[PDB]
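Enquirer: What follows is a structure written as structure tokens; I'll ask about it next.
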Amino acid sequence: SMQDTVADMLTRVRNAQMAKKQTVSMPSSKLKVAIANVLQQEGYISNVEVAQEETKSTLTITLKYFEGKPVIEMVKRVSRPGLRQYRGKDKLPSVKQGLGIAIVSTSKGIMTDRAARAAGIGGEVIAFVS
Amino acid sequence: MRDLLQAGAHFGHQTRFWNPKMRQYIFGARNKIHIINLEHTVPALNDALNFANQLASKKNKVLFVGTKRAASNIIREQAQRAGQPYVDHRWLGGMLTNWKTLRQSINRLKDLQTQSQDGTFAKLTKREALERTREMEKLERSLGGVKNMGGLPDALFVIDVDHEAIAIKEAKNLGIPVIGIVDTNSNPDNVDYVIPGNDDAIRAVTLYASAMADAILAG
RNA sequence: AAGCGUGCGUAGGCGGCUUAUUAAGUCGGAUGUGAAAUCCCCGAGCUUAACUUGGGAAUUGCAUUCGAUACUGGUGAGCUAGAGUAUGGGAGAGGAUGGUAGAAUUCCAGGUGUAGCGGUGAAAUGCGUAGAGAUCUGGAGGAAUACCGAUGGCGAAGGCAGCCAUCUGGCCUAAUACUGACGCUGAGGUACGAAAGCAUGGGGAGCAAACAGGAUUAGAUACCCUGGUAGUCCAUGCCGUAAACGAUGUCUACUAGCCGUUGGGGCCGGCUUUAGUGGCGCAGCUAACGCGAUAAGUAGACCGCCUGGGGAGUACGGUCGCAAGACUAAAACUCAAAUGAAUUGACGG
Ligand SMILES: [Mg+2]
Ligand SMILES: [Mg+2]
Ligand SMILES: [Mg+2]
Ligand SMILES: [Mg+2]
Ligand SMILES: [Mg+2]
Ligand SMILES: [Mg+2]
Ligand SMILES: [Mg+2]
Ligand SMILES: [Mg+2]
Ligand SMILES: [Mg+2]
Ligand SMILES: [Mg+2]
Ligand SMILES: [Mg+2]
Ligand SMILES: [Mg+2]
Ligand SMILES: [Mg+2]
Ligand SMILES: [Mg+2]
Ligand SMILES: [Mg+2]
Ligand SMILES: [Mg+2]
Ligand SMILES: [Mg+2]
Ligand SMILES: [Mg+2]
Ligand SMILES: [Mg+2]
Ligand SMILES: [Mg+2]
């Protein structure tokens, strides 16, 4: 059934970028919003919205395209439910030699790889984005 | 704005042969036929006409290529009255890619037409010249609109981006700029200036051609 | 080369959303320890180099202790998008049991009637003057259900077709209500699983392995013809295999369109929406062929399986079986290929 939801969101965004959609909606969640805010701060998406219907929330992402091709060229789930990643502050991965980002979950929140390296911590690697 | 409204640039092909890549440039579909919205269609026809005018003002050419067997008369009509190269019968695969080879036929026509009523060809048989006249007619009905071109055109104007796909691919290869009047049943794949509107109507094709020509006359 | 024949489920793996808490995983610090040598880096002595040697770095570990709580886990509390339940309808060769119908074949008795029938490429074997074949009447019996009939339907798969009753399974579909993550997948294990075969007892019309005869043929243990027994059918059990195939494991989400068809819902013959089942085709994917919302695309969860060809799915051991066999499953030896898809020719009874 549906078990990984972070990967399901990443897959929705990837597939909507492949089909030149301008917006992608999905069922919202606290962690999904926390990852969408990081994708927006790094300039990878345009806008993030969360609409409460009555009890089920819906997240809506606005996508960016730069000269035809999409901005998110590659997005990859790294820590699956079947295998979690858990890097340390020294082994934090770099994506495309620092031209891409790595979403990390640390006890200080969800951040990018270089933010966690600056803060001298690092926990679960969620996704590579470029 | 309203001149294309009374022209039938709105009505199009039936709502079963649409290309899904034109759903932005459509408005609705009444009576089982998609109707193009002319509002945002005019704002791009004007840009295409400005591009054609500024291209004719910097001393460049533009090939009018239309051969759908319906607007093949109006294309020659509104082009030869505008001093520009024409394509009326067949898109002649390899006109731009193998332009050097077709030069060897444009020169055969520049020699054959001059060998009919320009060099006073006399002292010959009446039936022997019929074969050479057939050669010249077969060559002219195919290339008589590109004789005064002499080089690769700088722009192109097509009446059916769908029916003239070989020409659009040759342009997208040779790095030329294309302009097309793309209807509902057509792909806007490599048209540099897409102009949504009818590609088969009499008055609409005549309007597109006459407007392009009147923009060419800005010289 | 490689998806178990198909399900169900045990251990296990993995699991929706919100919130409080914890701090096990995870992260950070500190403190012990992680022998020296070796490796690495600076530099020091051998005329240089090997070599010797000072100091570090490293030893990514483990333990203790303190801190951080995003994520995973635990615990409490909630929620309703997954899963399920109740209530009205609908389609259906779903299954099991028992009746019944009509056509036809075969055989039997009688009537008419007389010389062929039958069969083939051509024949012959064969059946006929004891009366065949043809035709009519009556009867007996077994097996299968023309037309409808349909890339139709139902079923987990194997499969399922006249009609009727009885017992029974699932699915679809509309509303309202309810429960509140009750889920997905599953090694072992179990259930079902074509045909052929096997056991016990029946039945036996047609067809027909084996077999017999006639042909053909160089031969003909065949193909063709005339017969024909097991078997095919029923009851009750075994067997457990198939090109058991979509050669495509199950579940979930997402990604242009167009054209059919089956079962429903909605709205005005048409439009839409669902559950199936088909034909194309964008993107993407692919060695290519192709696939393309019924993916072989994009991702995730669990499982099964592959690792050159042969020897070999064989031996030996074991489990199961009445047996036939099935299942699990090697090695020596041997070869430098075997293979897929496409291309250009040539050939084709
Ligand atoms: Mg194979
Ligand atoms: Mg299978
Ligand atoms: Mg369990
Ligand atoms: Mg668990
Ligand atoms: Mg801890
Ligand atoms: Mg040491
Ligand atoms: Mg709970
Ligand atoms: Mg019956
Ligand atoms: Mg409740
Ligand atoms: Mg299961
Ligand atoms: Mg098993
Ligand atoms: Mg026989
Ligand atoms: Mg098998
Ligand atoms: Mg198989
Ligand atoms: Mg359908
Ligand atoms: Mg329907
Ligand atoms: Mg297809
Ligand atoms: Mg798939
Ligand atoms: Mg493949
Ligand atoms: Mg064996």
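Following the order of the structure tokens, first chain is A, next is B, and so on, with residues numbered from 1 inside each chain and ligands from 1 in the order they appear.
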Within 12 Å of ligand 7, which residues of chain C come that close, and what is the closest atom pair and distance in Å for each? Count only C-alpha atoms (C1' of nucleotides) and all ligand atoms and give it as a tab-separated table.

Expert:
residue	atom	partner	partner_atom_place_in_ligand_line	distance
C:16	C1'	ligand 7	1 (Mg)	11.5
C:17	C1'	ligand 7	1 (Mg)	11.0
C:18	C1'	ligand 7	1 (Mg)	10.9
C:19	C1'	ligand 7	1 (Mg)	11.2
C:75	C1'	ligand 7	1 (Mg)	10.2
C:76	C1'	ligand 7	1 (Mg)	8.7
C:77	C1'	ligand 7	1 (Mg)	7.7
C:78	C1'	ligand 7	1 (Mg)	7.7
C:79	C1'	ligand 7	1 (Mg)	9.7
C:180	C1'	ligand 7	1 (Mg)	8.8
C:181	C1'	ligand 7	1 (Mg)	8.2
C:182	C1'	ligand 7	1 (Mg)	11.1

Enquirer: Could you save those same residues with N, CA and C atoms (P, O5', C5', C4', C3', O3' and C1' of nucleotides) as a PDB file, in the first residue's frame?

Expert:
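This went into out27.pdb:
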ATOM      1  P     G C  16       2.815   5.656   8.522  1.00  0.00           P
ATOM      2  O5'   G C  16       1.438   6.202   7.993  1.00  0.00           O
ATOM      3  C5'   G C  16       1.188   6.202   6.600  1.00  0.00           C
ATOM      4  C4'   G C  16      -0.026   7.008   6.279  1.00  0.00           C
ATOM      5  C3'   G C  16      -0.167   8.289   7.067  1.00  0.00           C
ATOM      6  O3'   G C  16       0.605   9.339   6.518  1.00  0.00           O
ATOM      7  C1'   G C  16      -2.215   7.119   7.062  1.00  0.00           C
ATOM      8  P     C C  17       1.571  10.226   7.437  1.00  0.00           P
ATOM      9  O5'   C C  17       0.614  11.314   8.073  1.00  0.00           O
ATOM     10  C5'   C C  17      -0.204  12.119   7.249  1.00  0.00           C
ATOM     11  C4'   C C  17      -1.373  12.682   8.007  1.00  0.00           C
ATOM     12  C3'   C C  17      -1.055  13.369   9.317  1.00  0.00           C
ATOM     13  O3'   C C  17      -0.542  14.671   9.141  1.00  0.00           O
ATOM     14  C1'   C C  17      -2.941  11.985   9.587  1.00  0.00           C
ATOM     15  P     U C  18       0.551  15.251  10.154  1.00  0.00           P
ATOM     16  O5'   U C  18      -0.284  15.620  11.448  1.00  0.00           O
ATOM     17  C5'   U C  18      -1.223  16.679  11.425  1.00  0.00           C
ATOM     18  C4'   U C  18      -1.935  16.813  12.742  1.00  0.00           C
ATOM     19  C3'   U C  18      -1.063  16.939  13.977  1.00  0.00           C
ATOM     20  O3'   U C  18      -0.537  18.236  14.162  1.00  0.00           O
ATOM     21  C1'   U C  18      -2.806  15.412  14.392  1.00  0.00           C
ATOM     22  P     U C  19       0.871  18.439  14.901  1.00  0.00           P
ATOM     23  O5'   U C  19       0.569  18.106  16.427  1.00  0.00           O
ATOM     24  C5'   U C  19      -0.280  18.929  17.211  1.00  0.00           C
ATOM     25  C4'   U C  19      -0.689  18.242  18.487  1.00  0.00           C
ATOM     26  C3'   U C  19       0.429  17.879  19.444  1.00  0.00           C
ATOM     27  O3'   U C  19       0.870  18.969  20.224  1.00  0.00           O
ATOM     28  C1'   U C  19      -1.029  16.045  19.214  1.00  0.00           C
ATOM     29  P     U C  75       3.552   0.783  22.518  1.00  0.00           P
ATOM     30  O5'   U C  75       3.184   1.918  23.567  1.00  0.00           O
ATOM     31  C5'   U C  75       3.514   1.786  24.940  1.00  0.00           C
ATOM     32  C4'   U C  75       3.165   3.038  25.697  1.00  0.00           C
ATOM     33  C3'   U C  75       1.796   3.616  25.413  1.00  0.00           C
ATOM     34  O3'   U C  75       0.751   2.934  26.083  1.00  0.00           O
ATOM     35  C1'   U C  75       3.396   5.346  25.396  1.00  0.00           C
ATOM     36  P     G C  76      -0.724   2.898  25.451  1.00  0.00           P
ATOM     37  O5'   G C  76      -1.272   4.372  25.668  1.00  0.00           O
ATOM     38  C5'   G C  76      -1.513   4.855  26.977  1.00  0.00           C
ATOM     39  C4'   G C  76      -1.833   6.325  26.990  1.00  0.00           C
ATOM     40  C3'   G C  76      -2.992   6.787  26.134  1.00  0.00           C
ATOM     41  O3'   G C  76      -4.254   6.480  26.690  1.00  0.00           O
ATOM     42  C1'   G C  76      -1.199   8.306  25.931  1.00  0.00           C
ATOM     43  P     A C  77      -5.491   6.116  25.734  1.00  0.00           P
ATOM     44  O5'   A C  77      -5.858   7.502  25.047  1.00  0.00           O
ATOM     45  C5'   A C  77      -6.265   8.601  25.843  1.00  0.00           C
ATOM     46  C4'   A C  77      -6.214   9.910  25.096  1.00  0.00           C
ATOM     47  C3'   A C  77      -7.063  10.009  23.851  1.00  0.00           C
ATOM     48  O3'   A C  77      -8.432  10.187  24.139  1.00  0.00           O
ATOM     49  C1'   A C  77      -4.956  10.966  23.437  1.00  0.00           C
ATOM     50  P     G C  78      -9.534   9.346  23.334  1.00  0.00           P
ATOM     51  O5'   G C  78     -10.175  10.419  22.356  1.00  0.00           O
ATOM     52  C5'   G C  78      -9.990  10.314  20.957  1.00  0.00           C
ATOM     53  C4'   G C  78      -9.422  11.576  20.365  1.00  0.00           C
ATOM     54  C3'   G C  78      -9.691  11.760  18.886  1.00  0.00           C
ATOM     55  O3'   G C  78     -10.974  12.282  18.615  1.00  0.00           O
ATOM     56  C1'   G C  78      -7.408  12.074  19.277  1.00  0.00           C
ATOM     57  P     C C  79     -11.999  11.404  17.759  1.00  0.00           P
ATOM     58  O5'   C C  79     -11.611  11.744  16.257  1.00  0.00           O
ATOM     59  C5'   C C  79     -11.459  13.087  15.838  1.00  0.00           C
ATOM     60  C4'   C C  79     -10.723  13.172  14.531  1.00  0.00           C
ATOM     61  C3'   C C  79     -11.291  12.354  13.389  1.00  0.00           C
ATOM     62  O3'   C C  79     -12.371  13.005  12.752  1.00  0.00           O
ATOM     63  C1'   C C  79      -8.945  12.099  13.477  1.00  0.00           C
ATOM     64  P     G C 180     -14.086   3.070  17.661  1.00  0.00           P
ATOM     65  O5'   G C 180     -12.800   3.217  16.754  1.00  0.00           O
ATOM     66  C5'   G C 180     -11.918   2.123  16.538  1.00  0.00           C
ATOM     67  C4'   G C 180     -11.028   2.375  15.357  1.00  0.00           C
ATOM     68  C3'   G C 180      -9.990   3.465  15.576  1.00  0.00           C
ATOM     69  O3'   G C 180      -8.839   3.185  14.794  1.00  0.00           O
ATOM     70  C1'   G C 180     -11.393   4.069  13.808  1.00  0.00           C
ATOM     71  P     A C 181      -7.399   3.047  15.472  1.00  0.00           P
ATOM     72  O5'   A C 181      -6.518   2.472  14.294  1.00  0.00           O
ATOM     73  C5'   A C 181      -6.789   1.183  13.769  1.00  0.00           C
ATOM     74  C4'   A C 181      -5.890   0.843  12.614  1.00  0.00           C
ATOM     75  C3'   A C 181      -4.417   1.192  12.787  1.00  0.00           C
ATOM     76  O3'   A C 181      -3.629   0.168  12.184  1.00  0.00           O
ATOM     77  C1'   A C 181      -5.249   2.213  10.844  1.00  0.00           C
ATOM     78  P     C C 182      -3.169  -1.111  13.029  1.00  0.00           P
ATOM     79  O5'   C C 182      -4.436  -2.073  13.020  1.00  0.00           O
ATOM     80  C5'   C C 182      -4.875  -2.727  11.840  1.00  0.00           C
ATOM     81  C4'   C C 182      -6.157  -3.478  12.086  1.00  0.00           C
ATOM     82  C3'   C C 182      -6.877  -3.989  10.852  1.00  0.00           C
ATOM     83  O3'   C C 182      -6.417  -5.278  10.490  1.00  0.00           O
ATOM     84  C1'   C C 182      -8.399  -2.838  12.277  1.00  0.00           C
TER      85        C C 182
END

Enquirer: Among stretch 4-147 of chain B, which ones does DSSP assign to strand (DSSP E) (computed from the backbone)? Answer as a PDB file with N, CA and C atoms, in the first residue's frame.

Expert:
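Output file result-v1.pdb follows:
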ATOM      1  N   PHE B  11     -13.462  29.307 -35.531  1.00  0.00           N
ATOM      2  CA  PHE B  11     -13.839  27.930 -35.812  1.00  0.00           C
ATOM      3  C   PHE B  11     -12.634  27.135 -36.297  1.00  0.00           C
ATOM      4  N   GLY B  12     -12.640  25.839 -35.991  1.00  0.00           N
ATOM      5  CA  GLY B  12     -11.515  24.979 -36.303  1.00  0.00           C
ATOM      6  C   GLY B  12     -11.917  23.546 -36.565  1.00  0.00           C
ATOM      7  N   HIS B  13     -10.994  22.612 -36.358  1.00  0.00           N
ATOM      8  CA  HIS B  13     -11.303  21.212 -36.593  1.00  0.00           C
ATOM      9  C   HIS B  13     -12.199  20.674 -35.478  1.00  0.00           C
ATOM     10  N   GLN B  14     -12.810  19.521 -35.743  1.00  0.00           N
ATOM     11  CA  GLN B  14     -13.730  18.910 -34.796  1.00  0.00           C
ATOM     12  C   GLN B  14     -12.993  18.469 -33.533  1.00  0.00           C
ATOM     13  N   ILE B  26      -6.952  27.423 -26.822  1.00  0.00           N
ATOM     14  CA  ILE B  26      -8.351  27.169 -27.133  1.00  0.00           C
ATOM     15  C   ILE B  26      -9.194  27.765 -26.020  1.00  0.00           C
ATOM     16  N   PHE B  27     -10.467  28.021 -26.324  1.00  0.00           N
ATOM     17  CA  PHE B  27     -11.395  28.587 -25.353  1.00  0.00           C
ATOM     18  C   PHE B  27     -12.488  27.596 -24.972  1.00  0.00           C
ATOM     19  N   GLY B  28     -13.196  27.064 -25.959  1.00  0.00           N
ATOM     20  CA  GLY B  28     -14.225  26.082 -25.715  1.00  0.00           C
ATOM     21  C   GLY B  28     -14.384  25.208 -26.935  1.00  0.00           C
ATOM     22  N   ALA B  29     -15.534  24.545 -27.018  1.00  0.00           N
ATOM     23  CA  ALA B  29     -15.832  23.711 -28.179  1.00  0.00           C
ATOM     24  C   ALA B  29     -17.347  23.566 -28.276  1.00  0.00           C
ATOM     25  N   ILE B  33     -16.892  21.060 -32.152  1.00  0.00           N
ATOM     26  CA  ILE B  33     -15.777  21.640 -32.889  1.00  0.00           C
ATOM     27  C   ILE B  33     -15.100  22.685 -32.014  1.00  0.00           C
ATOM     28  N   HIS B  34     -13.797  22.534 -31.800  1.00  0.00           N
ATOM     29  CA  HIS B  34     -13.070  23.453 -30.936  1.00  0.00           C
ATOM     30  C   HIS B  34     -12.987  24.824 -31.588  1.00  0.00           C
ATOM     31  N   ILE B  35     -13.230  25.867 -30.803  1.00  0.00           N
ATOM     32  CA  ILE B  35     -13.212  27.239 -31.289  1.00  0.00           C
ATOM     33  C   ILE B  35     -12.032  27.940 -30.636  1.00  0.00           C
ATOM     34  N   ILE B  36     -11.086  28.391 -31.457  1.00  0.00           N
ATOM     35  CA  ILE B  36      -9.920  29.097 -30.948  1.00  0.00           C
ATOM     36  C   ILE B  36     -10.333  30.474 -30.452  1.00  0.00           C
ATOM     37  N   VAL B  62      11.899  36.247 -46.817  1.00  0.00           N
ATOM     38  CA  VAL B  62      11.007  35.380 -46.054  1.00  0.00           C
ATOM     39  C   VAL B  62      10.227  34.496 -47.018  1.00  0.00           C
ATOM     40  N   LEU B  63      10.352  33.179 -46.862  1.00  0.00           N
ATOM     41  CA  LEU B  63       9.736  32.241 -47.793  1.00  0.00           C
ATOM     42  C   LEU B  63       8.294  31.969 -47.386  1.00  0.00           C
ATOM     43  N   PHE B  64       7.356  32.280 -48.273  1.00  0.00           N
ATOM     44  CA  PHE B  64       5.947  31.961 -48.061  1.00  0.00           C
ATOM     45  C   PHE B  64       5.712  30.560 -48.609  1.00  0.00           C
ATOM     46  N   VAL B  65       5.493  29.598 -47.714  1.00  0.00           N
ATOM     47  CA  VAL B  65       5.379  28.192 -48.075  1.00  0.00           C
ATOM     48  C   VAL B  65       4.009  27.698 -47.643  1.00  0.00           C
ATOM     49  N   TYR B  86       8.263  32.028 -53.030  1.00  0.00           N
ATOM     50  CA  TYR B  86       7.021  31.299 -52.828  1.00  0.00           C
ATOM     51  C   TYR B  86       7.262  29.798 -52.909  1.00  0.00           C
ATOM     52  N   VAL B  87       6.365  29.047 -52.276  1.00  0.00           N
ATOM     53  CA  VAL B  87       6.308  27.595 -52.404  1.00  0.00           C
ATOM     54  C   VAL B  87       4.839  27.214 -52.480  1.00  0.00           C
TER      55      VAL B  87
END

Enquirer: Mind checking which residues fall within 10 Å of stretch 49-55 of chain A, counting only C-alpha atoms (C1' of nucleotides), ignoring those fewer than 5 positions away in the same chain, and posting them as number ranges by chain?

Expert: A: 25-29, 33, 36-37, 60-62; C: 17-18, 79-81

Enquirer: Generate a file of the selected residues that holds N, CA, C and O atoms (P, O5', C5', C4', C3', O3' and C1' of nucleotides), formatted as a PDB file, in the first residue's frame.

Expert:
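In the end it all went to out31.pdb:
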ATOM      1  N   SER A  25      -0.797  19.433  -6.635  1.00  0.00           N
ATOM      2  CA  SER A  25      -1.441  19.299  -5.338  1.00  0.00           C
ATOM      3  C   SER A  25      -1.215  17.903  -4.783  1.00  0.00           C
ATOM      4  O   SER A  25      -0.942  16.958  -5.521  1.00  0.00           O
ATOM      5  N   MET A  26      -1.328  17.782  -3.467  1.00  0.00           N
ATOM      6  CA  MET A  26      -1.163  16.498  -2.802  1.00  0.00           C
ATOM      7  C   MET A  26      -1.780  16.592  -1.412  1.00  0.00           C
ATOM      8  O   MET A  26      -2.097  17.686  -0.954  1.00  0.00           O
ATOM      9  N   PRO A  27      -2.005  15.457  -0.748  1.00  0.00           N
ATOM     10  CA  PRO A  27      -2.457  15.503   0.649  1.00  0.00           C
ATOM     11  C   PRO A  27      -1.359  16.047   1.549  1.00  0.00           C
ATOM     12  O   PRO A  27      -0.218  15.588   1.506  1.00  0.00           O
ATOM     13  N   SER A  28      -1.710  17.025   2.370  1.00  0.00           N
ATOM     14  CA  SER A  28      -0.695  17.733   3.123  1.00  0.00           C
ATOM     15  C   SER A  28      -0.276  16.945   4.356  1.00  0.00           C
ATOM     16  O   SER A  28      -0.958  16.029   4.818  1.00  0.00           O
ATOM     17  N   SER A  29       0.875  17.320   4.892  1.00  0.00           N
ATOM     18  CA  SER A  29       1.414  16.731   6.102  1.00  0.00           C
ATOM     19  C   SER A  29       2.474  17.676   6.634  1.00  0.00           C
ATOM     20  O   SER A  29       3.020  18.488   5.891  1.00  0.00           O
ATOM     21  N   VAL A  33       5.154  19.889   4.325  1.00  0.00           N
ATOM     22  CA  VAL A  33       5.272  21.339   4.356  1.00  0.00           C
ATOM     23  C   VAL A  33       6.680  21.749   4.755  1.00  0.00           C
ATOM     24  O   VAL A  33       7.248  22.695   4.199  1.00  0.00           O
ATOM     25  N   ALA A  36       8.727  21.364   1.647  1.00  0.00           N
ATOM     26  CA  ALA A  36       8.385  22.352   0.634  1.00  0.00           C
ATOM     27  C   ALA A  36       8.941  23.725   0.979  1.00  0.00           C
ATOM     28  O   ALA A  36       9.338  24.474   0.082  1.00  0.00           O
ATOM     29  N   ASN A  37       8.987  24.076   2.261  1.00  0.00           N
ATOM     30  CA  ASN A  37       9.577  25.355   2.634  1.00  0.00           C
ATOM     31  C   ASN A  37      11.069  25.400   2.331  1.00  0.00           C
ATOM     32  O   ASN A  37      11.581  26.444   1.910  1.00  0.00           O
ATOM     33  N   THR A  60      -0.315  22.572  -1.952  1.00  0.00           N
ATOM     34  CA  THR A  60      -0.280  22.967  -3.351  1.00  0.00           C
ATOM     35  C   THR A  60       1.037  23.666  -3.628  1.00  0.00           C
ATOM     36  O   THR A  60       1.361  24.667  -2.986  1.00  0.00           O
ATOM     37  N   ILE A  61       1.785  23.128  -4.583  1.00  0.00           N
ATOM     38  CA  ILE A  61       3.104  23.611  -4.954  1.00  0.00           C
ATOM     39  C   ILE A  61       3.002  24.274  -6.314  1.00  0.00           C
ATOM     40  O   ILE A  61       2.374  23.733  -7.228  1.00  0.00           O
ATOM     41  N   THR A  62       3.634  25.433  -6.459  1.00  0.00           N
ATOM     42  CA  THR A  62       3.775  26.074  -7.756  1.00  0.00           C
ATOM     43  C   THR A  62       5.179  25.821  -8.279  1.00  0.00           C
ATOM     44  O   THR A  62       6.158  26.053  -7.567  1.00  0.00           O
TER      45      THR A  62
ATOM     46  P     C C  17       1.571  10.226   7.437  1.00  0.00           P
ATOM     47  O5'   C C  17       0.614  11.314   8.073  1.00  0.00           O
ATOM     48  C5'   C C  17      -0.204  12.119   7.249  1.00  0.00           C
ATOM     49  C4'   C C  17      -1.373  12.682   8.007  1.00  0.00           C
ATOM     50  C3'   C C  17      -1.055  13.369   9.317  1.00  0.00           C
ATOM     51  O3'   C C  17      -0.542  14.671   9.141  1.00  0.00           O
ATOM     52  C1'   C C  17      -2.941  11.985   9.587  1.00  0.00           C
ATOM     53  P     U C  18       0.551  15.251  10.154  1.00  0.00           P
ATOM     54  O5'   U C  18      -0.284  15.620  11.448  1.00  0.00           O
ATOM     55  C5'   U C  18      -1.223  16.679  11.425  1.00  0.00           C
ATOM     56  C4'   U C  18      -1.935  16.813  12.742  1.00  0.00           C
ATOM     57  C3'   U C  18      -1.063  16.939  13.977  1.00  0.00           C
ATOM     58  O3'   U C  18      -0.537  18.236  14.162  1.00  0.00           O
ATOM     59  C1'   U C  18      -2.806  15.412  14.392  1.00  0.00           C
ATOM     60  P     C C  79     -11.999  11.404  17.759  1.00  0.00           P
ATOM     61  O5'   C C  79     -11.611  11.744  16.257  1.00  0.00           O
ATOM     62  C5'   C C  79     -11.459  13.087  15.838  1.00  0.00           C
ATOM     63  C4'   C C  79     -10.723  13.172  14.531  1.00  0.00           C
ATOM     64  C3'   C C  79     -11.291  12.354  13.389  1.00  0.00           C
ATOM     65  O3'   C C  79     -12.371  13.005  12.752  1.00  0.00           O
ATOM     66  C1'   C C  79      -8.945  12.099  13.477  1.00  0.00           C
ATOM     67  P     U C  80     -13.655  12.179  12.276  1.00  0.00           P
ATOM     68  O5'   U C  80     -13.361  11.892  10.745  1.00  0.00           O
ATOM     69  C5'   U C  80     -12.534  12.759   9.984  1.00  0.00           C
ATOM     70  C4'   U C  80     -11.853  12.030   8.857  1.00  0.00           C
ATOM     71  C3'   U C  80     -12.752  11.121   8.020  1.00  0.00           C
ATOM     72  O3'   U C  80     -12.294  11.147   6.670  1.00  0.00           O
ATOM     73  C1'   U C  80     -10.976   9.866   8.904  1.00  0.00           C
ATOM     74  P     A C  81     -13.313  10.981   5.438  1.00  0.00           P
ATOM     75  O5'   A C  81     -12.361  10.634   4.209  1.00  0.00           O
ATOM     76  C5'   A C  81     -11.538   9.471   4.231  1.00  0.00           C
ATOM     77  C4'   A C  81     -10.653   9.381   3.014  1.00  0.00           C
ATOM     78  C3'   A C  81      -9.680   8.202   2.997  1.00  0.00           C
ATOM     79  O3'   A C  81      -9.510   7.731   1.662  1.00  0.00           O
ATOM     80  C1'   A C  81      -8.475  10.232   2.895  1.00  0.00           C
TER      81        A C  81
END

Enquirer: What does the distance from atom CA of residue A:88 to atom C1' of residue C:20 come to in Å, to one decimal?

Expert: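 Value for the atom CA of residue A:88-atom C1' of residue C:20 distance: 29.0 Å.
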
Enquirer: Might you pull out every residue within 9 Å of stretch 97-111 of chain A, with only C-alpha atoms (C1' of nucleotides) counted and same-chain residues fewer than 6 positions away left off, and present them as a PyMOL selection string?

Expert: (chain A and resi 31+34-35+38-39+42+121-130) or (chain C and resi 26-27+68-71)

Enquirer: Work out how far apart atom CA of residue B:191 and atom CA of residue B:161 are and give it in Å to one decimal.

Expert: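 Going from atom CA of residue B:191 over to atom CA of residue B:161 covers 7.8 Å.
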
Enquirer: Which of chain B counts as alpha helix (DSSP H) under DSSP, as a PyMOL selection string please?

Expert: chain B and resi 42-57+72-80+99-112+114-117+129-143+165-173+202-216

Enquirer: As a quick test: using only C-alpha atoms (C1' of nucleotides) and all ligand atoms, which residues lie no more than 12 Å away from ligand 20? Give them as a list in words.

Expert: residues 312, 313, 314, 315, 316, 325, 326, 327, 328 and 329 of chain C

Enquirer: Given the choices C:162, C:279, C:321, C:94, which gets closest to residue C:239 if the distance is worked out from only C-alpha atoms (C1' of nucleotides)?

Expert: C:321

Enquirer: Counting only C-alpha atoms (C1' of nucleotides), a student should be able to say which residues of chain C come within 10 Å of chain B; what is the right answer, written as JSON, numbers by chain?

Expert: {"C": [256, 257, 258, 259, 282]}

Enquirer: Using only C-alpha atoms (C1' of nucleotides) and all ligand atoms, determine which residues fall within 12 Å of ligand 6, then list them as number ranges by chain.

Expert: C: 34-39, 57-59

Enquirer: Could you list, as a ChimeraX atom specification, all protein and nucleic acid residues with an atom at most 8 Å from ligand 13, counting only C-alpha atoms (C1' of nucleotides) and all ligand atoms?

Expert: /C:5,241-242,244

Enquirer: Restricted to C-alpha atoms (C1' of nucleotides), what would the selected residues look like written as a PDB file, in the first residue's frame?

Expert:
ATOM      1  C1'   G C   5       0.520 -22.658 -11.403  1.00  0.00           C
ATOM      2  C1'   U C 241       2.405 -31.555 -13.469  1.00  0.00           C
ATOM      3  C1'   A C 242       1.612 -28.028 -18.505  1.00  0.00           C
ATOM      4  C1'   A C 244      -0.433 -23.894 -15.680  1.00  0.00           C
TER       5        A C 244
END

Enquirer: Residues within 9 Å of residue B:166, please, as a ChimeraX atom specification. Count only C-alpha atoms (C1' of nucleotides); anything in the same chain fewer than 4 positions from it doesn't count.

Expert: /B:91-94,170-171

Enquirer: Convert the current residue selection to file output with N, CA and C atoms, as an mmCIF file, in the first residue's frame.

Expert:
data_model
loop_
_atom_site.group_PDB
_atom_site.id
_atom_site.type_symbol
_atom_site.label_atom_id
_atom_site.label_comp_id
_atom_site.auth_asym_id
_atom_site.auth_seq_id
_atom_site.Cartn_x
_atom_site.Cartn_y
_atom_site.Cartn_z
ATOM 1 N N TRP B 91 6.394 20.750 -50.946
ATOM 2 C CA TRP B 91 7.430 21.210 -50.034
ATOM 3 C C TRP B 91 8.799 20.620 -50.341
ATOM 4 N N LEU B 92 8.906 19.757 -51.355
ATOM 5 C CA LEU B 92 10.168 19.372 -51.994
ATOM 6 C C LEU B 92 11.262 19.073 -50.966
ATOM 7 N N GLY B 93 11.068 17.948 -50.274
ATOM 8 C CA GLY B 93 11.947 17.489 -49.215
ATOM 9 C C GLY B 93 13.420 17.676 -49.494
ATOM 10 N N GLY B 94 14.085 18.445 -48.641
ATOM 11 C CA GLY B 94 15.492 18.732 -48.847
ATOM 12 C C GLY B 94 15.759 20.029 -49.576
ATOM 13 N N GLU B 170 13.060 21.001 -41.606
ATOM 14 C CA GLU B 170 14.229 21.544 -42.288
ATOM 15 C C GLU B 170 14.610 22.911 -41.732
ATOM 16 N N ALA B 171 13.623 23.714 -41.336
ATOM 17 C CA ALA B 171 13.924 24.998 -40.714
ATOM 18 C C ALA B 171 14.502 24.824 -39.315
#
